[PDB]
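In this analysis, Cβ positions are derived from the backbone assuming ideal geometry, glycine residues included, and neighbour counts consider all displayed protein chains. Coordinate-derived values only; no laboratory data.
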Number of protein chains: 2
Amino acid sequence: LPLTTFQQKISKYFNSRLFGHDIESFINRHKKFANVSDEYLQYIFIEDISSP
Amino acid sequence: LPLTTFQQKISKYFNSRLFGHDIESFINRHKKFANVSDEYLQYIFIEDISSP
């Protein structure tokens, strides 16, 4: 999943003003790129894993 | 080789927003300055010499 898509989906889920560095800490803890460095995150959401 | 082309070559392996602190850390660790009009480092890329 793209980082921008992840960020916008988490922003529409939870307000990004109240929750600040929490999301960046979460991604810095558990983010990959399917490479040494890229622009995509190997993670999925609940509404996406529910869908086939 | 100049720092700008060093960055251009390294942009395809490591992302700056990932580890810019570490990138500048090793850059200053191995900085030698001098040559031309900008700083120069003693480093070559294993992938480049491996490729024809």
Segment A:8-42, residues that are farther than 22 Å from B:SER16 by Cβ, outside any helix (DSSP H, G or I) and hydroxyl-bearing (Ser, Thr, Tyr):
A:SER16
Pick out the one residue from A:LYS31, A:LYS12 that is basic (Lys, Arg), free of Cβ contacts under 8 Å to residues at least 40 places away in the same chain and surrounded by 11 or more Cβ atoms within 10 Å (Cβ to Cβ).
A:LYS31
Tell me, please, whether a residue that is within 14 Å of chain B (Cβ to nearest Cβ), in contact with a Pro (Cβ under 9 Å, 6 or more places away or on another chain) and under 21 Å from B:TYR13 (Cβ atoms) can be found in segment A:21-39.
yes
In segment A:43-52, which residues are under 26 Å from B:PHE19 (Cα atoms) and of a type in the set (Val, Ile, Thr)?
A:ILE44
